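Visitor: Provided herewith is a single structure, encoded as structure tokens, for subsequent inquiry.
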Amino acid sequence: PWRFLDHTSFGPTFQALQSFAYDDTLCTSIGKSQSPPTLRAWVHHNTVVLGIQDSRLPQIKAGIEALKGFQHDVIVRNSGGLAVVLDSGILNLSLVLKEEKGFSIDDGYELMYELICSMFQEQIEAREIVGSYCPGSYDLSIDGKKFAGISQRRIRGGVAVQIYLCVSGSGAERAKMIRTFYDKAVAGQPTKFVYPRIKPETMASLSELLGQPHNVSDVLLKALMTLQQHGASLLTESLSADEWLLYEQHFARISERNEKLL
């Protein structure tokens, strides 16, 4: 019996940092067998989450200024991946399950991949999209254009497979903002890592790829139906008292490490 956590309908004050605290709390409680596997859906207003490496770029302050120029708040995720965009047209799903023998890193990525393909039941590839921001081995795309990115977080015996799904709007416009971020952050200077060379055309939202408009709720519904059609008993619940304690503690740590990195 899976638990479902709906964090998709809150105001623009609901921060990505809080979201990070939630996934960490879930990994901790599910890792102690005190909580059932959890599906957590979340959405945030205009936010650019930078990776640790992005924050150390030569002209970072100019990069952040540009991003604040796009009316996007900026934070850095400690376990650095690379700059990714978060807005009302981006649905994020976190599948948090118990870490066990035989359930590899790739097993986690594969599970999320299968889940997406089923929600949209042969066109979807799991392949790094060169030219896209936050490129990874498990980028998801159709006709060669990236519409989702996957990452995995493992702490306290819990595994959180996370994905950002570009549901509505233009995938390319989001990329142009990030390209501008790197342009001003790198500024033609040497860097400590191979930053992505953004090619806007290699990214697209599901609405653009499927040829018809979809909103976050439509895609959320698909995931819910797909899970139950596959045997899961989804129950809409809130955190337990102990989880709230872990949440506050996790959020305090996360919130301080972000303020620093900036």
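Identifiers in this document derive from the order of the structure tokens: chains are assigned A, B, ..., residues are numbered from 1 separately in each chain, and ligands are numbered from 1 in order of occurrence.
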Can you pull out every residue within 7 Å of stretch 38-43 of chain A, counting only C-alpha atoms, but drop anything in the same chain fewer than 3 positions away, and send it as number ranges by chain?
Guide: A: 2-8, 87-88, 90-97
Visitor: Within 10 Å of residue A:133, counting only C-alpha atoms, which residues show up once you throw out same-chain ones fewer than 4 positions away? Write them as a list in words, please.
Guide: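 Result of the neighbour search: residues 82, 83, 84, 85, 129, 146, 149, 174, 175, 176, 178, 179, 182, 195, 196, 197, 198, 199, 200, 202 and 203 of chain A.
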Visitor: Quick one: residues within 10 Å of residue A:262, only C-alpha atoms, excluding same-chain residues fewer than 2 positions away - as an NGL selection string?
Guide: :A and (55-56 or 60-61 or 64 or 74-76 or 256-260)
Visitor: How would the residues just picked look written out with N, CA and C atoms as a short mmCIF file (atom, residue, chain, number, x, y, z; two decimals), in the first residue's frame?
Guide:
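What landed in result_38.cif:
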data_model
loop_
_atom_site.label_atom_id
_atom_site.label_comp_id
_atom_site.auth_asym_id
_atom_site.auth_seq_id
_atom_site.Cartn_x
_atom_site.Cartn_y
_atom_site.Cartn_z
N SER A 55 27.34 26.94 -8.90
CA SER A 55 27.54 28.03 -7.94
C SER A 55 28.98 28.49 -7.82
N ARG A 56 29.93 27.67 -8.27
CA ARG A 56 31.34 28.05 -8.20
C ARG A 56 31.87 28.59 -9.52
N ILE A 60 29.49 33.84 -11.36
CA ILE A 60 28.23 33.36 -10.80
C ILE A 60 27.27 34.48 -10.40
N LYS A 61 27.78 35.52 -9.75
CA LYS A 61 26.91 36.60 -9.32
C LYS A 61 26.20 37.23 -10.51
N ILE A 64 23.45 34.73 -11.55
CA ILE A 64 22.29 34.78 -10.67
C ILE A 64 21.48 36.05 -10.93
N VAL A 74 16.53 31.81 -7.09
CA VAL A 74 17.63 30.88 -7.31
C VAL A 74 18.14 30.24 -6.03
N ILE A 75 18.32 28.92 -6.07
CA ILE A 75 18.84 28.18 -4.93
C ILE A 75 19.83 27.16 -5.49
N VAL A 76 20.61 26.54 -4.61
CA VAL A 76 21.59 25.55 -5.04
C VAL A 76 21.38 24.24 -4.32
N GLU A 256 20.20 26.25 5.66
CA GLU A 256 21.45 26.89 6.06
C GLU A 256 22.54 26.65 5.02
N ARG A 257 22.58 25.45 4.47
CA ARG A 257 23.58 25.12 3.47
C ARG A 257 23.36 25.87 2.17
N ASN A 258 22.11 26.27 1.91
CA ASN A 258 21.79 27.02 0.71
C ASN A 258 22.23 28.46 0.90
N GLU A 259 21.88 29.04 2.05
CA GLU A 259 22.25 30.42 2.35
C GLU A 259 23.77 30.58 2.24
N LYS A 260 24.50 29.58 2.72
CA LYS A 260 25.96 29.61 2.67
C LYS A 260 26.42 29.62 1.22
#
Visitor: Hey, what's within 12 Å of residue A:159 if we count only C-alpha atoms and toss same-chain stuff fewer than 3 positions away? As a PyMOL selection string, please?
Guide: chain A and resi 23-32+37-39+94-100+103-109+111+151-156+162
Visitor: Excluding same-chain residues fewer than 6 positions from stretch 187-190 of chain A, what lies within 9 Å of it counting only C-alpha atoms, as a PDB file with N, CA and C atoms, in the first residue's frame?
Guide:
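Listed below is the output, around-v9.pdb:
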ATOM      1  N   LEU A  57      30.990  28.854 -10.482  1.00  0.00           N
ATOM      2  CA  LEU A  57      31.436  29.381 -11.768  1.00  0.00           C
ATOM      3  C   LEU A  57      32.078  30.754 -11.564  1.00  0.00           C
ATOM      4  N   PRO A  58      33.013  31.144 -12.453  1.00  0.00           N
ATOM      5  CA  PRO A  58      33.713  32.436 -12.367  1.00  0.00           C
ATOM      6  C   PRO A  58      32.868  33.707 -12.220  1.00  0.00           C
ATOM      7  N   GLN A  59      31.783  33.816 -12.976  1.00  0.00           N
ATOM      8  CA  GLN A  59      30.936  35.000 -12.887  1.00  0.00           C
ATOM      9  C   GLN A  59      29.537  34.625 -12.433  1.00  0.00           C
TER      10      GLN A  59
END
Visitor: Quick one: residues within 12 Å of residue A:213, only C-alpha atoms counted, chain neighbours fewer than 4 positions away excluded, as JSON, numbers by chain?
Guide: {"A": [89, 166, 167, 168, 169, 170, 205, 206, 207, 208, 209, 217, 218, 219]}
Visitor: Wanna dump the stretch 107-212 of chain A-stretch 229-249 of chain A contacts at 12 Å for me, each residue with its shortest atom pair and the distance in Å to one decimal, counting only C-alpha atoms, ordered by chain and number, as a Markdown table?
Guide:
| residue | atom | partner | partner_atom | distance |
| --- | --- | --- | --- | --- |
| A:114 | CA | A:230 | CA | 11.6 |
| A:115 | CA | A:230 | CA | 9.9 |
| A:118 | CA | A:230 | CA | 9.8 |
| A:119 | CA | A:229 | CA | 10.4 |
| A:156 | CA | A:246 | CA | 11.7 |
Visitor: Save the residues we just selected, N, CA and C atoms, as a CSV table (one decimal), in the first residue's frame?
Guide:
chain,number,residue,atom,x,y,z
A,114,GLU,N,10.0,3.1,-16.7
A,114,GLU,CA,8.9,2.2,-17.0
A,114,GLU,C,7.6,2.9,-16.7
A,115,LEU,N,7.6,3.5,-15.5
A,115,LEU,CA,6.4,4.3,-15.0
A,115,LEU,C,6.0,5.3,-16.0
A,118,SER,N,4.5,3.8,-19.3
A,118,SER,CA,3.2,3.2,-19.1
A,118,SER,C,2.2,4.4,-19.0
A,119,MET,N,2.5,5.5,-18.4
A,119,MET,CA,1.6,6.6,-18.3
A,119,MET,C,1.2,7.1,-19.7
A,156,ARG,N,19.8,7.5,4.7
A,156,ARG,CA,19.1,6.8,5.8
A,156,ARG,C,18.4,5.5,5.4
Visitor: Output as a list in words all residues of stretch 125-205 of chain A that backbone DSSP marks as strand (DSSP E or B).
Guide: residues 125, 126, 140, 141, 142, 145, 146, 147, 148, 149, 150, 151, 152, 153, 154, 155, 158, 159, 160, 161, 162, 163, 164, 165, 166 and 203 of chain A
Visitor: Neighbouring residues of residue A:140 were defined as those with any atom within 6 Å, considering only C-alpha atoms; residues of the same chain fewer than 4 positions away were excluded. Please report them as a PyMOL selection string.
Guide: chain A and resi 125-126+146-148
Visitor: Please produce a file of the residues just selected, as an mmCIF file, in the first residue's frame, where the atoms kept are C-alpha atoms.
Guide:
data_model
loop_
_atom_site.group_PDB
_atom_site.id
_atom_site.type_symbol
_atom_site.label_atom_id
_atom_site.label_comp_id
_atom_site.auth_asym_id
_atom_site.auth_seq_id
_atom_site.Cartn_x
_atom_site.Cartn_y
_atom_site.Cartn_z
ATOM 1 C CA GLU A 125 14.007 7.132 -25.006
ATOM 2 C CA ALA A 126 16.126 7.026 -21.848
ATOM 3 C CA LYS A 146 14.208 16.099 -23.849
ATOM 4 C CA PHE A 147 11.027 16.499 -21.777
ATOM 5 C CA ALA A 148 12.153 15.028 -18.451
#
Visitor: A:172, A:204, A:163, A:194: which is nearest residue A:144, counting only C-alpha atoms?
Guide: A:204
Visitor: From a backbone DSSP assignment, name each residue in stretch 1-249 of chain A labelled alpha helix (DSSP H), as an MDAnalysis selection string.
Guide: chainID A and resid 16:30 52:55 60:69 105:119 171:186 206:210 216:229 241:249
Visitor: Hey, can you check how far atom CA of residue A:13 sits from atom CA of residue A:72?
Guide: 12.4 Å
